[PDB]
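First comes one chain, alone, set out as structure tokens in the form deposited in one PDB entry.
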């Protein structure tokens, strides 16, 4: 037999500005693709998934994905699950349907009292940047509800490499975006804050 795993993705969000694309161009980045896609997130009425740092979505053209917290000191760690059967097992453990019998994620939604909590369309430009060695990716996202966020992404092999990669992408992010102390918010968090502010408040309360 054999075991297989992926690389580690390291990421940092930033607020783009009017000059972000021009900076990318002058740095020698190339625009690899432009794409538009719907994201739809799901949770229970009590926000069971989100309150425990679990994030379940169906992404147009990609299928189901679930993000779970992992056990970078100042920065978050996530395990991404895209196997439907592993998503469903994780959801059963957390939301406890002992009786529930497995199936595709879609089929188990009702049984788990999972409902759509947010849906929106993102228009994305994805750029690649080689410096002096593997190309960084820069995703520039525009959400149809009216919010723009960029993100710099690097891949690395071992967890030992994560701290240096983080510093690099933080520094690159700062040259591409508006000055800021903290990381720019995720599209979903801005959506929740503006359009589901009672839910946002629950999330705020939990984290402090």
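Superpose the two forms; the largest set of C-alphas matching within 1.5 Å is the rigid core. Positions refer to the first chain, counted from 1.
Separately, the form deposited in another entry exists; it is not shown, and the next lines address it.
Colleague: Only one of 169, 143, 140, 47 crosses a C-alpha shift of 2 angstroms between this form and the one not shown, counting 2 angstroms or more, core aligned. Which residue?
Modeller: Result of the comparison: 169.
Colleague: Quick one: once the rigid core is lined up, does residue 24 have its C-alpha move by 2 Å or more between this form and the one not shown?
Modeller: It does shift by 2 Å or more.
Colleague: After superposition on the rigid core, does the Cα atom of residue 178 shift by at least 2 Å between this form and the one not shown?
Modeller: True for residue 178: a C-alpha shift of 2 Å or more.
Colleague: Does the C-alpha of residue 93 move 2 Å or more between this form and the one not shown once the rigid core is lined up?
Modeller: False for residue 93: its C-alpha shift is below 2 Å.
Colleague: Do residue 156 and residue 83 have their C-alpha atoms closer or farther apart in the other entry than here, with the shift being 3 angstroms or more?
Modeller: Closer is correct, given that in the other entry the C-alpha spacing of residue 156 to residue 83 is reduced by at least 3 Å.
Colleague: If the C-alpha spacing of residue 98 and residue 90 moves by 3 Å or more in the other entry, is that a move closer or farther apart?
Modeller: Nearer in the other entry, by 3 Å or more.
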